[PDB]
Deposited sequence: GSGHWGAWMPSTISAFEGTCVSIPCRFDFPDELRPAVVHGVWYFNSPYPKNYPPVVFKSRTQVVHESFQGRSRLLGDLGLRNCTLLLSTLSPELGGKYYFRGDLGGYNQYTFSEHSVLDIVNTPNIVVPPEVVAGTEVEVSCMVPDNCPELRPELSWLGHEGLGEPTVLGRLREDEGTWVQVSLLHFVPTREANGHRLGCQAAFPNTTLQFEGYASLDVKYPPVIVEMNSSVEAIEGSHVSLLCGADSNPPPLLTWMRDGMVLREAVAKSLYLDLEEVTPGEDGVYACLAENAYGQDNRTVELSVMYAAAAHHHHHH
């Protein structure tokens, strides 16, 4: 109580070409009773930081000229800063310095890191599995009073209609715009391109961000031979194809014995000089981390080989 100190969000973000208001409050010993309260805003991009604002001499660095103005009264312990027409160069650390005349100048420790962005924020859970309810969100910074972002999805036709949460508060007292997608994805939703757009009315500013859904799903054996009727002594190739994400482990088996095994989309089982001893049921097993599938095929050597003398 009645102490040198400041209060501002450690981090804050805004769209390139827009504005940002950095909420700021500072305090000082009440015993001072200054007739006039002065202040200085400094900028550190990565020992001579450019001056954003300085009430004393009204000096403004060229990078901030006509792009920065102090909001709120310093006499009311309110050092809120507005930065306008933002460009990537303005990204960095901002800190405030109090000046109550005499030797009562004070550079406050707490600062604010401004992040300037050009794409909306799409949040997708690290593991998306088919058959489970999934939430996807588009987040957008909302710290510009003069310009409000309109949020919209791109290529969301198969995922259902969005649910707009609106302006939400995050930590440090900053704001975001959030829109949601709640859906149960099938295997078809794998690779689906998801896009979000942040547009500002009465401007030409339009920001787009895209992401691709990685949908995991169990194997479905889609390629499989029908009942094989082979010629004596011929060559027989059995093919088992499987569709899964991630790619499946394919296993050819007969009589409880693994004939061939490989992590692939398709797996061939080659039988040479086919004899009646090769007759029987062959099984193809497909499995990944999310499920399994299996089919069988009966091999029948029912065609006698013709003699071959020339």
If you line up the deposited sequence with the model, which stretches have no C-alpha coordinates?
-> 1, 48-50, 315-317
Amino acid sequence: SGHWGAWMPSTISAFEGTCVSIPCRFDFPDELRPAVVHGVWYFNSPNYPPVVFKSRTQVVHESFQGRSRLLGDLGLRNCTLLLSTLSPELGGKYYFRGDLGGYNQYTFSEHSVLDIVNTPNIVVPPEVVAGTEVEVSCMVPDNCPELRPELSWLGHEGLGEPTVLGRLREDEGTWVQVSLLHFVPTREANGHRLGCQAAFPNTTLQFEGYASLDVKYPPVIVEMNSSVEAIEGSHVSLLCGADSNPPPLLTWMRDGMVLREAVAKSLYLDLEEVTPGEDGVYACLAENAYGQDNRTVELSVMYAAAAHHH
From here on, numbers count along this sequence of modelled residues.
Taking the deposited Cα B-factors and averaging over 204-212 and over 157-165, the higher mean is found in 157-165
Comparing mean C-alpha B factor in the record for 101-109 and 167-175, the higher one is 167-175
In terms of CA temperature factor as recorded, identify the highest of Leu267, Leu285, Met257, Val51.
-> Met257
When you compare the CA B-factors of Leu299, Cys24, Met302, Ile12 as listed in the entry, which one comes out on top?
-> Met302
Please place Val60 in the lowest, middle or highest third of its chain by C-alpha B factor as given in the entry.
-> highest
For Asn225, return the chain-relative third of its C-alpha B-factor as stated in the PDB record: lowest, middle or highest.
-> highest
Please rank the C-alpha B-factors of the chain's modelled residues and tell me whether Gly72 sits in the lowest, middle or highest third.
-> highest
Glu146: CA B-factor among chain residues, third -> middle
Pull the Cα B-factor of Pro248 out of the PDB entry and bin it into the chain's lowest, middle or highest third.
-> middle
